[PDB]
Number of protein chains: 2
Amino acid sequence: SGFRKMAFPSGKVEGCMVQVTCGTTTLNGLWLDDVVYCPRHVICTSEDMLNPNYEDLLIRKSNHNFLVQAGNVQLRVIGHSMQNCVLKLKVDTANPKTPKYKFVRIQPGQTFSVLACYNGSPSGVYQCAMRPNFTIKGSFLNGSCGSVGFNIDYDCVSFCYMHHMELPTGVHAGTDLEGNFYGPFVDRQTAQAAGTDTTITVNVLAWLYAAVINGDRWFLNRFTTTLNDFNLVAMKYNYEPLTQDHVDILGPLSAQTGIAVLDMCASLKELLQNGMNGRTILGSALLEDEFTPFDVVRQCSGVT
Amino acid sequence: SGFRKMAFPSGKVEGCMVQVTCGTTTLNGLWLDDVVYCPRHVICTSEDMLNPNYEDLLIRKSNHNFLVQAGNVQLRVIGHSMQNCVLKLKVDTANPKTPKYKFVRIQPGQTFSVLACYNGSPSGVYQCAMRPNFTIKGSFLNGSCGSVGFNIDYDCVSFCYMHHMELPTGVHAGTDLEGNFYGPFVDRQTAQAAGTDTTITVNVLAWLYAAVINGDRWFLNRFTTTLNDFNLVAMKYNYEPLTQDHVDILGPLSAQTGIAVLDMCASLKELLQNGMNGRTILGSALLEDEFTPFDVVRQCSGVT
Ligand SMILES: Cc1ccncc1NC(=O)[C@H](CO)c1cccc(Cl)c1
Ligand SMILES: Cc1ccncc1NC(=O)[C@H](CO)c1cccc(Cl)c1
């Protein structure tokens, strides 16, 4: 019992963190096999960040200009290349601590753990969601660039995010491990619109099932709804429209609790229309959307 | 910017987790140097847990009865002893992955990270507080016993908690690494009173300073208060009384923001008396008490 915003154990990722320095800029790198992945803005100075010509900036750099330190030992750089917004620094030694890994591009609404790092050293780990507007509400300061987001399946780390930038609104933007930004963002010091965010409806429903499993049941009502009726309410409250694909992923939780998905939607409809009335659900006074149905099943069953 | 319920990177602790089996019971162990630490209820069967005579139960066990597996390899047990509610299993090999470590008994109101484990394997990491009533609101299922709580200072892991038991209320009880329970709890299958909990006032104030630092300022008012006036309000709302020791630890945050501690107490007084009025602070609709002033300073400065 109990339900927490749990992150994956970060050990496999800690072993990949390195410090990358180029000129006067230092940020975090990810050492997997014989390649170091890091945000390409490592080659920029503050004056360059206004409107950087990354191709031109990288042309003035040689392998010896990229200083890569793993803990206290220095890595020899034998190749460099830019893929989208990431730099891939080929090194002469494969990381002995490389876990089994994949590079994945997550969908918005999916969750992942972030190992926040500074100067190649890990400071903390937290769970978060890729927002529907492709931003993340993280905790990052200057120097945290290159920190990565990931998921773990048994022994395989699926890297999904590399941190690049803080928007003027204090929300965070980044790329997949191929250097492609999530969302419309560009790696420049310019104000950029994140766009309208929504609440991740399937995740709130999953968290409501987690609450019922763990004893918080006060919000269960004598009502039911339909997908169309619920979606009218979701539209009014800036919630993502629920589809049959969402209903299908909630199947395991509906089977476990015996509460039909549309019955749980009617509880969520009443919570949206009436509020919490000063009450709480799983220690929260708002509807939590950072747990996927998969996360709820994993945490509620103790998957390692 | 951004403020998250961040846990320490769990890598150093993952490397210490082992599986301990005795008879039919399997739980988690902590392998540091040549000793495996685990909850003493590993020697019990379900029938024994009603009123166990641990001394008598352990007398029927020999070194060969404790099966300790680190990953996939088996550890040879050359000694066993009971210290309070923990068993210390001497093994013939020192853990090569033993980090620099200490055993500490935390004070209530202090926070720590938990690496939840099942069968010696890590499932997740989360940050939590030792409640004023010496319980923890964790996320643990059967088999999670032996999972540990810890803090990290540079390269040193300070183990503070070992998970033992789930109370009938769904809250969690455990011991320090010398086997001494936090609180009045005994390791028996009997209903046990946790006692009145309170909100950790110094932590809420620290989190209010974190909110101001990160931009959430709506709760700042034109008022001030005194320790005695604030404590009358704290008493009414089941908050711990604030002392000058608490004011002193909030000094760094008061200096950073320029908001006097008693001025921040007046904001907290008004939030307690008026509520949030449907608004949020750092993504929360309630007053958060799981961040110490130290945690706020660490997260807001990027300490690794
Ligand atoms: C300062 C900060 C805070 C949190 N997370 C990250 C950062 N990083 C930034 O915003 C840097 C400048 O430091 C940057 C500016 C413009 C474009 C890009 Cl790709 C990166
Ligand atoms: C079942 C569970 C769930 C979460 N965390 C832990 C557990 N553990 C327990 O309560 C076990 C029985 O499984 C136990 C019963 C009585 C005393 C003690 Cl010390 C331990």
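These residue numbers are counts, starting from 1, taken along the chain as shown.
Note: Cβ is positioned from N, Cα and C throughout, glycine not excepted.
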If Swiss-Prot marks one of B:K90, B:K236 as ubiquitin cross-link, which residue does it mark? B:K90
Per DSSP, to which secondary structure element type does B:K90 (ubiquitin cross-link) belong, with helix, strand and coil as the options? strand
Please check the recorded positions B:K5, B:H41, B:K90 against ligand 2 and give me the ones with CB under 6 A, sequence order. B:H41
With a CB cutoff of 8 A to chain A, go through the recorded positions B:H41, B:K90, B:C145 and name the hits, or write none. none
Is any of the recorded positions B:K5, B:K90, B:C145 within 10 Å of B:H41 (active site, for 3CL-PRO activity) (Cα-Cα), and if so, which, in sequence order? B:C145
Can you give me the same-chain residues 6 or more apart in sequence from B:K90 (ubiquitin cross-link) with a CB-CB distance under 8 Å? B:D34, B:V35, B:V77, B:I78, B:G79, B:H80, B:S81
Rounded Cα distance in angstrom between B:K5 (ubiquitin cross-link) and B:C145 (active site, nucleophile) is 23
